[PDB]
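> how does the following fold in three dimensions:
(chains A, B, C, D and E)
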Amino acid sequence: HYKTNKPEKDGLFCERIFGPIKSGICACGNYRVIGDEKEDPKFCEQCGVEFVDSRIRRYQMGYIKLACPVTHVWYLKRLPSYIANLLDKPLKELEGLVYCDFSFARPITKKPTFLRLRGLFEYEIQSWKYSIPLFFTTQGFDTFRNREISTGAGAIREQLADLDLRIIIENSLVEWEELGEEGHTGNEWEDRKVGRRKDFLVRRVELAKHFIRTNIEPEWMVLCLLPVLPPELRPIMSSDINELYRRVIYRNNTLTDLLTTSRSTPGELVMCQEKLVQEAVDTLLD
Amino acid sequence: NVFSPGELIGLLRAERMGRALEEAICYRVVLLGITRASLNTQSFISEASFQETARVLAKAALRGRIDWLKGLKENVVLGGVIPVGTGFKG
Amino acid sequence: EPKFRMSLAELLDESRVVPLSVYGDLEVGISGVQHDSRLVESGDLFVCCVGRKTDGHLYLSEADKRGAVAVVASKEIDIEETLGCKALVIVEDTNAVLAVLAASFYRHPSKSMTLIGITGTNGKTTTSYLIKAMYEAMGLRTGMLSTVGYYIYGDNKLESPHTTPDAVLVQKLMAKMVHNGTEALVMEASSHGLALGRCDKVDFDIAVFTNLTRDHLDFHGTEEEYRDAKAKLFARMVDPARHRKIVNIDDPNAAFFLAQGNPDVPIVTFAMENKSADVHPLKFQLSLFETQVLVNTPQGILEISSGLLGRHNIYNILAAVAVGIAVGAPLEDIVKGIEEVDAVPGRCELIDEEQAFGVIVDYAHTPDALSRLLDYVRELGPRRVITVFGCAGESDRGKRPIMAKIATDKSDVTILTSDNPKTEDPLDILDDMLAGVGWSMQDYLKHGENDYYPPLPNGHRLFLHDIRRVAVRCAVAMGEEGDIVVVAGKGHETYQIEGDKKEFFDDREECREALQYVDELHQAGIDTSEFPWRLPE
DNA sequence: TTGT
DNA sequence: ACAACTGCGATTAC
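Numbers count the residues shown, from 1 in each chain, chains lettered A, B, ... in the order given. Pasting the structure now:
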């Protein structure tokens, strides 16, 4: 709080969501003793803060709901890209679709698709879409656009979700068996390209085989919700952790405001704010 | 199905698999430098988290590795009795 | 002014309502007594309702729970425990109580003004409205009740959940209409409504059948039961040279029903091929817009009504011509009836009036109706026929394999989409539907991944989508000059329920908007010849 | 930087 | 892209 030194409600240091700042004291102003013989309410009706020792602030976590999904920096932007390994699409295409406004034609392969674009990277939205949205009911257009061309962070999640690891390992084994017949006979450049492709295929096979039997889903590589560290661990004197947290919170609430304002809002503004949110998440993580 | 190209296995394990399996296993000796060796261990928290922490952490997280604390630094990080000397139950 | 002669004990006593056990008198104020508990209101006497589903005791219990003043039952009923008036009367006869539920003055007006009953297997509602329009053009205002809406008298129709409303409530509404706002109260019910007892407890001036066949065979348990019930109801109240027996002579049930009853009633046949009926089209003007025929009969009118169907609509027009000529011998009075028949009513709605290919809406919720409508459209259809329909979630799934095959057989291009999910996965029922033609959802999708979408071995193309709106839009955008599109999901319904949520967006206006806006997609360059649409770049 |  | 001795103590500047 301003010139009060008190935790703000529904904030980074909020007492309600994390816990009380003092042992036995609460934000409502009435002290209580935990474990007393007399019946005592665990939490004040007036104030959400529970009556407990303030050690919880050390071990208690939080989470910010994100309107637009974000992609983990470790999986995407490392030189070995697990996302680019699973999705045979090149790394440059994914980095563009994440950071530079582009479009992916078919992000879902398990649902019916009327449009026959079937393209990897759509460098522009100049394709006729205004006549298509007016023709169909506008609500209907919204309903199918997800199976249609998607942008930013929905295509990656739909590709990771709608995917058959068995088909992936089958196709990779087939391509491995095909390659290597006479590649070594060629030049050093061609042999190097064949070798790199073969190594990429082997890594893809290994990743898919591990994903099959590890009770872990590749869907979780793109973060729908971001956890928040316990308050005590980032105590405000103020830390950068918390500065980046405030930045991503501000960008996310601005994005949510723009989304909830009206559907007729310009796509450029919400897309730029999505890029800003994803860059803030990247700076926070790594 | 048993092994993939480019993998690293143990010499005794490779010989025992070659004796048992008719499937041709082509393996050649790679002398591994001290650093490389550490980065390739059974524990992702003791020897893998010494030079490239984030890389091995992301790899173990995506794989879902399970580490059995049979090493010293593993119990050191966990804050428990190290299975050395008086910590070895016999 | 809901009813009259139902707010006094003497009125019920004069109606031969003998319950053998009563407390005090029916001093409670009630506009019209209703046998059904739902039709009755609080503080109103409710007589016992006779029915297979609800007996007299259950009806009396429901009336006492709803707050009816009087409840009739075989045993002692404690109606005064949760009612506004302590006076009640328990009648041990359920049928007699249901008959006496309608007031004497209420039942006398509807029986004296006029009455026209039309109970047919197929094409009954098409002839009922035609007869109503003919009677209105004759100079007497009247209403015809249908399965969709209960209309005792008047142009307006009150909302009713069941196909046939309560007899007492229908009589009360007919009396209220005949008191002011209606000159005649004709009670028309289908075969099931006539067999239940809705139109049976009413003096019918004219009781003709549009199509006599096996109706309610699974419910009644015996063939020709509805026809026998209609004949008995007509013989109960019959007058000389007043009842009309206009029906197709080819149907044996029609002749069996005409044989029963008073022989002094006028009998006539509306068959076209039969020479004894003297009716015949004698014209070749069949078309999707209007099918005019020059009927040459001594009793029937010269001009005929423009029907959308080839044989069903023609038979309905021929059956209605007799009722139109019975009132007036001049054929000029049948112009309004012909216009109302060509007005494209609810059932099997005609094509839109916009400049475009044929787009028809049909209620093909059964395989037999779907195949019949497809044959009717193939008869008229000069070119490719496109159909779009869906099954119902939790409906009999036995229907699903056959229908898809029946559609793929006749139609060259078939688009399947989920008309009513009804708490079942849309893709889950589409797979069961495609199982009839031999395909699975995994294949379709794999074929779908391919641009090819290989055509059925018979040479027809099958297409699948999960959203009904986009499917209807693609079907209405994929058309030729002579090609026709047929929507068979909901002919006379505009409610779409996916799970718990219910939406009313589905309507014919959605299809008309597609025909209106297809010009933009055509100018832009989108290709709708196949389901994988080619787009620029 | 130095080398990996 | 990654890493390059181990710790301790003092000050001033934020």
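> would you quantify the distance from the residue of chain B found nearest chain C to residue A:200?
Residue nearest to chain C within chain B: residue B:1 (25.4 Å; Cβ to the nearest Cβ). For every residue, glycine as well, the C-beta is placed using N, CA and C. Taking Cβ to Cβ, to the nearest Å as the measure, residue B:1 falls 20 Å from residue A:200.
> more neighbours: which of the two?
For residue B:1 versus residue A:200, neighbours defined as other Cβ atoms under 10 Å in any protein chain shown are more numerous around residue A:200 (16 against 5).
> for the nearest residue to that one once chain neighbours are set aside, which three-state class applies?
Excluding the flanking residues, the one nearest residue A:200 by Cβ to Cβ, 6 or more residues apart in numbering or on different chains is residue A:85, at 7.0 Å. Under the three-state scheme (DSSP: H, G, I helix; E, B strand; the rest coil), residue A:85 adopts helix.
> wait, doesn't residue A:85 sit right on residue A:203?
Yes: judged on Cβ atoms under 8 Å, residue A:85 makes contact with residue A:203 at a distance of 5.6 Å.
> tell me, how many residues neighbour residue 45?
No chain specified, so I'll use chain A. Residues lying near residue A:45 (other Cβ under 10 Å) number 7.
> oops, wrong one, chain C.
The number of residues near residue C:45, taken as other Cβ under 10 Å, comes to 29.
> so residue C:395 makes contact with residue C:419?
No: in this structure, residue C:395 is not within contact of residue C:419 by Cβ under 8 Å, at 10.1 Å.
> ok, the two, which is more surrounded?
A count of neighbours by other Cβ under 10 Å puts residue C:419 above the other of residue C:395 and residue C:419, at 24 against 14.
> and the residue nearest to the more buried one when sequence neighbours are not counted, what is it in contact with?
Spatial nearest neighbour of residue C:419, excluding adjacent residues (Cβ to Cβ, 6+ apart): residue C:390 at 3.0 Å. For residue C:390, the contacting residues are C:416, C:417, C:418, C:419, C:420, C:429, C:468, C:489, by Cβ atoms under 8 Å, 6 or more residues apart in numbering or on different chains.
> same check on residue B:89?
residue B:83.
> try residue C:419
C:389, C:390, C:391, C:392, C:468, C:489, C:490, C:496.
> mind telling me what element the residue of chain A found nearest DNA strand E is part of?
The nearest approach of chain A to DNA strand E comes at residue A:79, 6.1 Å away (Cβ to the nearest atom of the strand). When elements are assigned from DSSP states H and E, residue A:79 belongs to no helix and no strand.
> what about it, neighbour count?
Neighbours around residue A:79, by other Cβ under 10 Å: 6.
> that one and residue C:105, how far apart?
On the measure of Cβ to Cβ, residue A:79 and residue C:105 end up 95 Å apart.
> helix or strand next in line after the strand or helix carrying residue A:170, which one?
Residue A:170 is part of helix A:165-178, with elements assigned from DSSP H and E. Using DSSP H and E, the helix or strand that directly follows helix A:165-178 along the chain is helix A:188-212.
> contact partners for residue C:31?
Counted by Cβ under 8 Å, 6+ apart, residue C:31 has contacts C:1, C:2, C:3, C:4, C:6, C:7, C:44, C:172.
> and DNA strand E, which of those residues contact it?
The subset of the contacts of residue C:31 within reach of DNA strand E, counting by Cβ under 7 Å from any atom of the strand, is empty.
> got a ChimeraX select line for the buried ones in those?
Those of these that count as buried under 16 or more other Cβ atoms under 10 Å in any protein chain shown are selected in ChimeraX with:
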select /C:2,3,4,6,7,44,172
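> just give me the closest of the contacts of residue C:31 to residue B:74.
residue C:44 (84.2 Å; Cβ to Cβ).
> so who does the residue nearest to residue A:200 touch?
A:200, A:203, A:204, A:207.
> go on, residue C:297?
C:277, C:278, C:279, C:280, C:321.
> from chain B, how far off is it?
Using Cβ to the nearest Cβ, to the nearest Å, residue C:297 is found at 85 Å from chain B.
> how long is stretch C:251-267 from one end to the other?
15 Å (Cα to Cα, to the nearest Å).
> again, but for stretch C:132-149
Stretch C:132-149: ends 14 Å apart by Cα to Cα.
> minimum distance to DNA strand E, which residue of the stretch 201-350 of chain C gives it?
Closest point on the stretch 201-350 of chain C to DNA strand E, by Cβ to the nearest atom of the strand, is residue C:349, at 67.4 Å.
> what is the neighbour count of the spatially closest residue to that residue that is not a sequence neighbour?
Spatial nearest neighbour of residue C:349, excluding adjacent residues (Cβ to Cβ, 6+ apart): residue C:361 at 4.4 Å. If you count neighbours by other Cβ under 10 Å, residue C:361 ends up with 26.
> before we move on, what about residue C:530?
16.
> quick check: closest non-adjacent residue to it.
Using Cβ to Cβ, 6+ apart, the closest residue to residue C:530 is residue C:453 (6.8 Å).
> can you check residue C:381 too?
That would be residue C:484: by Cβ to Cβ, 6+ apart, it lies 5.1 Å from residue C:381.
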